[PDB]
Protein chains: 2
Amino acid sequence: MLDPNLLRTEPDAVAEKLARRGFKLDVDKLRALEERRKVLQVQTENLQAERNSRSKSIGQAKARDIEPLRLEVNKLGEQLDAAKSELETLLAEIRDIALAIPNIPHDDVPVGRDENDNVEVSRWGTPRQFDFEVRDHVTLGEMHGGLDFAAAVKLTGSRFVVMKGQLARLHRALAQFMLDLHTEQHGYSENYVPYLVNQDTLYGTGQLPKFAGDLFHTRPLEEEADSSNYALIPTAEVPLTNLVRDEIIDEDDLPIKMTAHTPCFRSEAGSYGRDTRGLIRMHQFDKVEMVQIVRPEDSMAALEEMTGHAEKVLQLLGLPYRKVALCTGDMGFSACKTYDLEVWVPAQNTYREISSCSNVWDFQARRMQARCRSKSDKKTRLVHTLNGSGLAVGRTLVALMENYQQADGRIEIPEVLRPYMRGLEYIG
Amino acid sequence: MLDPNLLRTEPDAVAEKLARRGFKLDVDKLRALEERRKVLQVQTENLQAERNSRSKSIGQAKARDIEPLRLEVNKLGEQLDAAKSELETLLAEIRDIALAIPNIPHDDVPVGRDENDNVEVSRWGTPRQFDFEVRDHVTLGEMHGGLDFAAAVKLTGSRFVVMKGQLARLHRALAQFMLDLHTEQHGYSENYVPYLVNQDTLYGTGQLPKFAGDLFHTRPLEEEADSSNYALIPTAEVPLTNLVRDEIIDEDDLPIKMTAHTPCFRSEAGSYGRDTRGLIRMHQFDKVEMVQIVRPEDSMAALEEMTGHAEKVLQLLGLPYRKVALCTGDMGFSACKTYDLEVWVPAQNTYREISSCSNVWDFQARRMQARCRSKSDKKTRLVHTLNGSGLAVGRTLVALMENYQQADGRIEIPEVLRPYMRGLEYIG
Ligand SMILES: Nc1ncnc2c1ncn2[C@@H]1O[C@H](COS(=O)(=O)NC(=O)[C@@H](N)CO)[C@@H](O)[C@H]1O
Ligand SMILES: Nc1ncnc2c1ncn2[C@@H]1O[C@H](COS(=O)(=O)NC(=O)[C@@H](N)CO)[C@@H](O)[C@H]1O
Ligand SMILES: [Ca+2]
Ligand SMILES: [Ca+2]
Ligand SMILES: [Ca+2]
Ligand SMILES: [Ca+2]
Ligand SMILES: [Ca+2]
Ligand SMILES: [Ca+2]
């Protein structure tokens, strides 16, 4: 959600910023609704005042015949309810527009139309030169009998996997290493969160109203008929960021740095036939998430810090990657500025996204009413929120298996993971 | 699913066994449906033969006028389709009865009506005598700021939790310790499984057709409209046992011992107001599961082995418990024989279930068509399946926090968990 006073005072300036993302703001519709709203607001508030006044006249006369007065108040009450419903219908119309508007890109963001207009910022590591024909992680998984997509189709359907034996152990070791790194070295506090969330949570981080189709939704439970319309989380960013919903945080307690390891569930609608083979694009994947709740003036510095935390995962694992500044046309709905880390994937002869690190500015904080106050200044402001993959575990397994594969298909265990695998040097 | 030949040859004997569970088998209805089935089966198979024959007469005459013959075959085809639909309606009626029948209890199971008729088999450890008033895990969680039920209601709703900081780390350490124990010492192979499963999987392990109401169901995805009617798993027993669905296993490859650490999702319908406070009864809980696929003659020995594996978790953690033989009236739908382990919970002044270990006999194997064959004997048989909690992680956290609490609320970390917590001795 953008600042409503910024949409009211300068809508042409906002429309100009949003045009860089390729989003057309309907300024004329917003203006026409806002002008009708002011007419209905005055009518409604006059009816509210007169009804409140005629109700007090009854109580007055009750002490000192209240029948003609009771009829007057019941007609006024009907008129007010009608005026309030008509006003509320217009408010819902404004909201349907307001809540579908993506975040204003920060000036640091380079202008572009799509991913081909993204800017490379840095590169670390040198892609391995192989003495044999590179096998992809799917072929390597079949060789070890460790990645079974056919069993997952039998259990569920497409875009699911069953991992077995040592490769399952390896995927667990990766998550353990990530959580320990962020909690022991990077100052994040660990969290266990619900994997099902309500509508308020989804509106809070921006999945609702515009991206219901990106989620798996659960039918309500019959003994919780009106309070269990839930959706599976698409990322731990959703429950973690909402932990500060309706809160006033003492600025001394900022930054709040949270980490979680969760499964993530996505419908993966559209882009038909893209990443059909393997673990890159699944309906269920594990991800170690980093979330930061910070003071408005520290979010740009927190983005650099949190991106470096995700980069450290790749560096310690010895995985070559490139850091990319996403352009205006390739950013997510909530982001005002994003960096993607793209890991080297030897069988694809390219870098593939393994992390997305974003500064959300005050966009989710406005929706959640998450604020901070200095006891000194004695003034509240909305916080800034940030989220970053540290990392997507399935895609890290893809990168690890492919970069560390041996001639016979054995997987060399990265040095930093060996204490997580009882000092095991190779799988196979 | 029970043996259909056993329901046909001796239904009174089966009804007698099932009566001990408090289940009334409708023998008269099954007999009446079975007798009508034989009438419809003969009519249908005669129509199938005559249609196949009149179709061959056409091809014959095509080489040598085929119009009166084509009309005859189309009328026969309509008659057969009608006879097949009528037969299929009767088959669905038999199935609705057959697939709602619980497993026949094994003779080892003591006869009883409910949990108060269960038999204690053994006891290990001595409940701690405290020098202060015992705090429950909810009060201890508030003291540490580590178990937050209010944040989870905000994120989702009731029967959910948010764990924060060191108590979240502890819950993770418990799962790590369990998976390592079973994989390193007990011969289980680790697995990463889908947390969403299809209808075939749910029918396979017995959740369907009778217990749809015990599950969270997801609405179908619009781009997978006819293949995404899924449910969240209530236990890793569901995806793990189904890994042998439609398989013929070489008996040399038995036992297949599988472990997984997953979240588990349950609607928790009924028993209103039971275990309202705390982690004992949640909509989402973590559990380290053990599953065994064995030869029919080894399942009773495998039950003792798998129960001992769950007991070893409690012993190494220094948690007093009691082993209970469930009576006929307290067993789950699929089980033919179950042992429950009940851990000491100091604030409740009682033992609470932390594990359920079952021999399912060939009940799920029949539904899944999971079989084994000796290359020697050259004869197939249905396998036996077994499942056991090793353990429910949330309830282990309850037991750990309460049994290891200090006077000031600090949590002493069990010795065996200290290598999982970087040698940390206490939380707080
Ligand atoms: N369907 C998918 N299957 C597997 N991995 C995926 C899938 N979708 C995304 N990822 C991985 O998850 C990472 C983070 O996803 S994101 O949508 O870009 N961003 C977020 O979810 C933020 N909360 C930061 O993690 C991606 O960089 C990618 O590595
Ligand atoms: N709703 C719940 N919340 C928390 N823990 C639960 C809940 N339901 C069951 N458990 C725990 O999970 C254990 C196993 O559950 S069970 O239904 O008895 N049996 C199974 O699921 C079998 N697959 C063996 O694990 C129970 O012994 C109990 O310790
Ligand atoms: Ca501070
Ligand atoms: Ca974001
Ligand atoms: Ca992205
Ligand atoms: Ca063998
Ligand atoms: Ca069972
Ligand atoms: Ca039970």
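Side-chain atoms are counted along with the backbone in the values below, which use heavy atoms only and exclude waters and symmetry mates. Lettering follows sequence order; numbering is per chain, from 1.
- The shortest distance between side-chain heavy atoms of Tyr195(B) and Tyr195(A) does not fall below 4.5 Å.
- Using a 4.5 Å heavy-atom cutoff, the side chains of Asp286(B) and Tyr192(A) are in contact.
- A heavy-atom distance below 4.5 Å is found between the side chains of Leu196(A) and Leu232(B).
- Looking at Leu215(B), only its backbone comes within 4.5 Å of chain A, counting heavy atoms on both sides.
- Listed for the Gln284(B) side chain is a donor-acceptor partner under 3.5 Å among the backbone atoms of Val193(A).
- For the set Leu167(A), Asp200(A), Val161(A), the entry with the most heavy-atom pairs within less than 4.5 Å of chain B is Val161(A).
- In terms of heavy-atom pairs under 4.5 Å with chain B, the best-connected choice from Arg245(A), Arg169(A), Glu222(A) is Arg245(A).
- Residue with the most contacts toward chain A among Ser227(B), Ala152(B), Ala168(B): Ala168(B) (heavy-atom pairs, distance under 4.5 Å).
- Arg422(A) has a carboxylate O that lies under 4.0 Å from a charged side-chain N of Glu184(B), or vice versa, which qualifies the two as a salt bridge.
- Looking only at heavy-atom pairs under 4.5 Å with chain B, the residue among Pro239(A), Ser189(A), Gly146(A) that has the most is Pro239(A).
- Per-residue heavy-atom pair counts under 4.5 Å with chain A were compared for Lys164(B), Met282(B), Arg219(B), and the maximum is reached by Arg219(B).
- Nearest heavy-atom pair across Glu223(B) and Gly270(A) is OE1-N, 3.0 Å.
- With a threshold of 4.5 angstrom between heavy atoms, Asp214(B) does not approach chain A through any atom at all.
- Between chain A and the residues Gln166(B), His283(B), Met258(B), the most heavy-atom pairs under 4.5 angstrom are made by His283(B).
- Side-chain contact, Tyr420(A) with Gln176(B): no donor N or O sits under 3.5 Å from an acceptor N or O.
- Side-chain contact between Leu179(B) and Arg172(A) is present, with at least one heavy-atom pair separated by less than 4.5 Å.
- Of the listed residues (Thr218(A), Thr259(A), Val238(A)), the one with the most heavy-atom contacts under 4.5 Å to chain B is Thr218(A).
- Within 6.0 Å of CD in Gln185(A) there are 12 or fewer heavy atoms belonging to other residues, nucleotides or ligands.
- In this structure, chain A has a heavy atom under 4.5 Å from the side chain of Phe265(B), while its backbone stays farther away.
- Atom CZ of residue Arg266(B) and atom CG of residue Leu221(A) lie 14.0 Å apart, to the nearest 0.5 angstrom.
- Looking at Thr201(B) and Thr156(A), their side chains never come closer than 4.5 Å, going by heavy atoms from C-beta outward.
- Highest contact tally toward chain B, considering only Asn198(A), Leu243(A), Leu155(A), is held by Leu155(A) [criterion: heavy-atom pairs under 4.5 Å].
- Among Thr183(A), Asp180(A), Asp148(A), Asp246(A), the residue making the largest number of heavy-atom pairs under 4.5 Å with chain B is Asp180(A).
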